[PDB]
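Undergrad: Chain order of the listed sequences is A, B and C.
Everything in the first sequence is counted per the working numbering, starting at 44 for the first residue and increasing by one.
Everything in the second sequence is counted per the working numbering, starting at -18 for the first residue and increasing by one.
Everything in the third sequence is counted per the working numbering, starting at 24 for the first residue and increasing by one.
Just passing along the structure, written as structure tokens.
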Amino acid sequence: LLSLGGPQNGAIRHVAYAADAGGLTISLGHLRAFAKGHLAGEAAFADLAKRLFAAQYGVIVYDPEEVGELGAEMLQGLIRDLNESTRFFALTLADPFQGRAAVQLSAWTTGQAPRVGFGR
Amino acid sequence: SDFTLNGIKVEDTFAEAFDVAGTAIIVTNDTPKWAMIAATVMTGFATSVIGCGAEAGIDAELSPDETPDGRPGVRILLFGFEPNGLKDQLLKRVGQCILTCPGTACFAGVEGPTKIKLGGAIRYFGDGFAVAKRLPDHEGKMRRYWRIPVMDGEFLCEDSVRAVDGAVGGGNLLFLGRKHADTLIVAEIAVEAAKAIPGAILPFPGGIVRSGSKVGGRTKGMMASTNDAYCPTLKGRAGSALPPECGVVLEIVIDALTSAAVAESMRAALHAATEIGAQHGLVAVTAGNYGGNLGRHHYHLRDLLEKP
Amino acid sequence: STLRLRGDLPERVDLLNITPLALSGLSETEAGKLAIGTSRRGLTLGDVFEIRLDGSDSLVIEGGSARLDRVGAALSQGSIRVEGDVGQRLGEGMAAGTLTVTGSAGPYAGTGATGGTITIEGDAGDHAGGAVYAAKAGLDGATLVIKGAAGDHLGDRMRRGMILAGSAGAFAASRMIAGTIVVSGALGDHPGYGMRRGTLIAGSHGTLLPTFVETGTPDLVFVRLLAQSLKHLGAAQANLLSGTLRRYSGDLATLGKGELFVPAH
Ligand SMILES: [K+]
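Structural data, given as structure tokens:
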């Protein structure tokens, strides 16, 4: 169990990695660079990249609200780079206000996502 | 592991050179001006054997004493993969760059074991009016020359030219430096040192290469690709073999009729560059290798330490 | 052709296909009945503007509001001048021509623009030159000139063209596919996040991404050409390329073919 941006000391035993000064979105881009082999070794995220590629079924759990549109596209890209070696996936967290069902319903009723207008 | 020559870092590597077919010809004219014009047009478009037809260069300018003609001349070398491909390239170049140049005359440049037809093939442009003559030279050996009738007069061309065995090409050492303008000067005085060795030339423009020939490639059947390790625009990322102080890299490729000339040409370049290198920002000097198993001749820079 | 804005807009308005080529064809009385309102109650061109029409490729909108969406969108000919502020999507999918705005502009201005020149004498909003939702690319070839200061995500997922900004906000040149963005002054934090290809030049810059590495101070031929290109267009950013610049390689999260230039010292 590896954690980026999570609490350092928890009841559950895990290997915590410190988030960068910029934020989780900056850290996510920082991490993908080591996974692509673009940055020199012996760094914090370099060990993380080594541990991810050494996988059998990899899952990156994140909340798109707190990570942001840019971070998620980067996070989803990091998974595309990871799948060149082993199988990796993302566990996109669901909102607690039925928003994900609204997307499902709006998609098959209107043909598009929510935030749709019928003025015309 | 680290080596320092004249205060400038020199990598503990080797230059991977290959065995090649080589030959030399002596072209003379009534004036040294037109002797040089004839050779310059012949050596052009000859920087590598894989892409250009051959690898050509001017070994030395000859005075009217150093020549069999008695007229000012030029000793010009040509290198190729196969003795047949070398013959094919020499026939094309002598036929359309030497024969066409006014007042010229072709003689065999170097002595060697295998024979290459030269005058006996261009003689056919004479349309049956060409004649052959046999004469003993200043050393006492009987030589055969052809006389092709042309507008300016006669194009005299020796029947056969000899190709030396054991000609070595691809010997190279590259320089790492901070700025293009200054580091070019380091390489410029490096090629001037290497040119001086008899039987050795530098085929690339001015002797210097700016495109790093790398074996293999990223996609499909790449035979040659740029050397991303020594590219300054691809700095900072994993796989770049140059320090942050460096901003420009230049390569020097040497071909010679004899293997010893390749080493002596490299040695002279290695020393001349480092002596003035600090002044113009030369960071370090390395040599180009391909892995060790491609090329027979390995020129380690550790053996090039002794002063010339 | 001049459209004199009668007053303040009650709802958002879509000025798509309101290009002088289209207005010239339609009759002056017939053109007034063209509905441009978003809402069900809607609004026609006669309700919003005082239409004075003539058979010309030049259009001038006298008076502007921040509720003028898709103004100059899909413009293929002539020119449109807005003496005032405008809303989102300035010249969305503009094929060619010239589009000048006296005031400030709304978000997502310049999306999908293929050719021509969009000029904002004021300030640009967030996502200026960036791709809209689900869009393949942002700017796709038309050159965008912002005399003022752009907001966050300038040139977001830009594919082609050139952006000339005075000042820029955070996350500029994010997800950039290709192109050239020259901001004469300040640049926000974390520029070029996800950059694949392209050229970003700025006078000032905030905190850089850890995935941007410095190449040094290289005198490149491309810089000379880009400088002469800016001189010929009359760009104030032309002076920024006169001196020696510091280079940074494109973000290593994607293929690192982009770059960033900042003055040496
Ligand atoms: K020489």
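Don't be surprised by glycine CBs; every beta carbon is placed ideally from N, CA and C.
Would you say the beta carbon of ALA177(B) comes nearer than 7 Å to a heavy atom of ligand 1?
TA: Position 196 of the second sequence, counting from 1, holds the residue named residue 177(B). Yes - ligand 1 has a heavy atom lying nearer than 7 Å to the Cβ of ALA177(B).
Undergrad: Going along chain C, which residues have a C-beta under 8 Å from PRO213(B)?
TA: Indexing the second sequence from 1 puts residue 213(B) at position 232. Here the neighbours are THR238, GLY239 and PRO241.
Undergrad: In three-state terms, what does DSSP make of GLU(-3)(B)?
TA: Here the question's residue -3(B) lines up with position 16 in the second sequence. Strand.
Undergrad: Measuring from the CB of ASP163(C), is there a heavy atom of ligand 1 at a distance below 7 Å?
TA: For the purposes of this step, residue 163(C) is identified with residue 140 of the third sequence, where counting begins at 1. No - ligand 1 has no heavy atom lying nearer than 7 Å to the Cβ of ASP163(C).
Undergrad: With a threshold of 8 Å, are at least 3 pairs of Cβ atoms found where one atom belongs to the region -11 to 2 of chain B and the other to the region 69 to 87 of chain B?
TA: no
Undergrad: Within 7 Å: the Cβ of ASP236(B) and any heavy atom of ligand 1?
TA: If you number the second sequence from 1, residue 236(B) lands on position 255. Not under cutoff, so the answer is no.
Undergrad: Can you name the residues of chain C whose CB is closer than 9 Å to the CB of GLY152(B)?
TA: The residue given as residue 152(B) occupies position 171 in the second sequence. Near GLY152(B) there are no residues of chain C at all, since even the closest Cβ is about 29 Å away, more than 9 Å.
Undergrad: For a contact meaning CB atoms closer than 7 Å, what does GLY279(C) contact in chain B?
TA: Position 256 of the third sequence holds residue 279(C). Within chain B, the residues near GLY279(C) are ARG218.
Undergrad: According to DSSP, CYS138(B) sits in a beta bridge with which residue or residues?
TA: Here residue 138(B) corresponds to residue number 157 of the second sequence, with the count starting at 1. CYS87(B) and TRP127(B), per the DSSP bridge assignment.
Undergrad: Please decide whether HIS73(A) counts as near chain C, where near means a Cβ-Cβ distance under 8 Å.
TA: For the purposes of this step, residue 73(A) is taken as the residue at position 30 of the first sequence. By this cut-off, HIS73(A) is an interface position.
Undergrad: So the candidates are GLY257(C), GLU144(C), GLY239(C) and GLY184(C); which of them puts its Cα closest to the Cα of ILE200(C)?
TA: Translated into positions along the third sequence, residue 200(C) becomes position 177. Here the closest residue by C-alpha is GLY184(C).
Undergrad: Less than 7 Å separating the Cβ of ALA41(B) from some heavy atom of ligand 1?
TA: By one-based count along the second sequence, residue 41(B) stands at place 60. Yes; taking the cut-off as 7 Å, the Cβ of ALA41(B) has a heavy atom of ligand 1 nearer than that.
Undergrad: Given this structure, state the Cα-to-Cα distance separating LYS93(A) from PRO157(A), to the nearest angstrom.
TA: In the first sequence, residue 93(A) corresponds to position 50, counting from 1. In the first sequence, residue 157(A) corresponds to position 114, counting from 1. Whole-angstrom Cα-Cα distance: 40 Å.
Undergrad: What's the gap between the Cα of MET181(C) and the Cα of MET117(A)?
TA: Taking the third sequence and counting its residues from 1, one reaches residue 181(C) at position 158. Taking the first sequence and counting its residues from 1, one reaches residue 117(A) at position 74. Their Cα atoms are separated by approximately 17 Å.
Undergrad: If I follow the unbroken alpha helix (DSSP H) through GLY189(C), where does it start and stop?
TA: For the purposes of this step, residue 189(C) is taken as the residue at position 166 of the third sequence. Unbroken run through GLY189(C) is the beta strand (DSSP E), 185 to 190; no alpha helix (DSSP H).
Undergrad: In angstroms, rounded to a whole number, what distance separates the CA positions of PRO214(C) and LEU154(B)?
TA: In the third sequence, residue 214(C) corresponds to position 191, counting from 1. In the second sequence, residue 154(B) corresponds to position 173, counting from 1. The alpha-carbon atoms of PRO214(C) and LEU154(B) are separated by roughly 40 Å.
Undergrad: Over what stretch of residues does the beta strand (DSSP E) that includes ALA265(B) continue unbroken?
TA: Position 284 of the second sequence, counting from 1, holds the residue named residue 265(B). For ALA265(B), the uninterrupted beta strand (DSSP E) run begins and ends at 263 to 268, by DSSP.
Undergrad: Please name the residue or residues paired with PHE284(C) in a DSSP beta bridge.
TA: In the third sequence, the residue the question calls residue 284(C) occupies position 261. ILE224(C) and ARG270(C), per the DSSP bridge assignment.
Undergrad: Following the continuous beta strand (DSSP E) through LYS96(B), name the residue where it begins and the one where it ends.
TA: Your numbering for residue 96(B) matches position 115 in the second sequence. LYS96(B) -> beta strand (DSSP E) spans 95 to 98.
Undergrad: Against chain B, with Cβ distances strictly below 8 Å, would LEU264(C) count as a contact?
TA: Here residue 264(C) is taken as the residue at index 241 of the third sequence, counted from 1. By this cut-off, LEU264(C) is not an interface position.
Undergrad: Compare the C-alpha of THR61(C) against each of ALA158(C), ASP37(C) and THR203(C) and name the closest.
TA: Walking along the third sequence from the start, residue 61(C) turns up at place 38. Per the Cα distances, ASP37(C).
Undergrad: According to DSSP, is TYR216(C) part of a helix, a strand, or is it coil?
TA: Residue mapping note: residue 216(C) aligns to position 193 of the third sequence, counting from 1. Three-state result, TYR216(C): coil.
Undergrad: Select from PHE110(B), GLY217(B) and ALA242(B) the residue whose C-alpha is nearest the C-alpha of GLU226(B).
TA: The count along the second sequence starts at 1 and reaches residue 226(B) at position 245. Among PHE110(B), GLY217(B) and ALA242(B), the Cα nearest to that of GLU226(B) belongs to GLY217(B).
Undergrad: Got a sec, what are the start and stop residues for the alpha helix (DSSP H) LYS73(B) sits in?
TA: Numbered from 1 along the second sequence, position 92 holds the residue referred to as residue 73(B). Looking at the DSSP string, the run of the alpha helix (DSSP H) that includes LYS73(B) is 64 to 74.
Undergrad: Go ahead and label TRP127(B) buried or exposed: buried means 16 or more other beta carbons lie within 10 angstroms of its beta carbon, across all protein chains shown.
TA: As a first step, residue 127(B) must be located in the second sequence, where it is residue number 146. Answer is buried; the Cβ neighbour count reaches 16.
Undergrad: Determine the DSSP secondary structure at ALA111(B), reduced to helix, strand or coil.
TA: For the purposes of this step, residue 111(B) is taken as residue 130 along the second sequence, with counting starting at 1. Three-state result, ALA111(B): coil.
Undergrad: Quick check on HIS279(B): does DSSP put it in helix, strand or coil?
TA: Taking the second sequence and counting its residues from 1, one reaches residue 279(B) at position 298. In this structure, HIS279(B) counts as strand in the three-state DSSP scheme.
Undergrad: Please report the distance separating the alpha-carbon of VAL131(B) from that of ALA113(B).
TA: Position 150 of the second sequence, counting from 1, holds the residue named residue 131(B). Position 132 of the second sequence, counting from 1, holds the residue named residue 113(B). One C-alpha to the other measures close to 15 Å.
Undergrad: May I ask which residues mark the beginning and end of the alpha helix (DSSP H) holding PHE131(A)?
TA: Numbered from its first residue, the first sequence carries residue 131(A) at position 88. Looking at the DSSP string, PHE131(A) is not in any alpha helix (DSSP H); the run it does join, the beta strand (DSSP E), is 131 to 135.
Undergrad: Give the residues of chain A in contact with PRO33(C), contact being defined as C-beta atoms less than 7 Å apart.
TA: As a working note, residue 33(C) is residue 10 in the third sequence. Near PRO33(C) there are no residues of chain A at all, since even the closest Cβ is about 14 Å away, more than 7 Å.
Undergrad: Go to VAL243(B), then tell me how far its alpha helix (DSSP H) extends in each direction, as first and last residue.
TA: Counting from 1 along the second sequence, the entry for residue 243(B) is found at position 262. Per DSSP, the unbroken alpha helix (DSSP H) holding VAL243(B) starts and ends at 240 to 258.
Undergrad: Is the region 90 to 105 of chain B close to the region 139 to 147 of chain B, with three or more CB pairs under 8 Å?
TA: Judged by pairs of C-beta atoms under 8 Å, the region 90 to 105 of chain B touches the region 139 to 147 of chain B, as three or more such pairs exist.
Undergrad: By the 10 Å Cβ neighbour count, where 16 or more other Cβ atoms means buried, how is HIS288(C) classified, buried or exposed?
TA: As a position in the third sequence, residue 288(C) is number 265, starting the count at 1. Burial call: exposed.
Undergrad: Provide the residue span of the alpha helix (DSSP H) that contains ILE18(B), from first to last.
TA: On the second sequence, position 37 is the one that residue 18(B) refers to. Note, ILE18(B): alpha helix (DSSP H), 13 to 24.
Undergrad: Would you call the region 269 to 284 of chain C and the region 96 to 110 of chain A touching, i.e. three or more CB-CB distances under 8 Å?
TA: They do not touch, by the three-pair rule.
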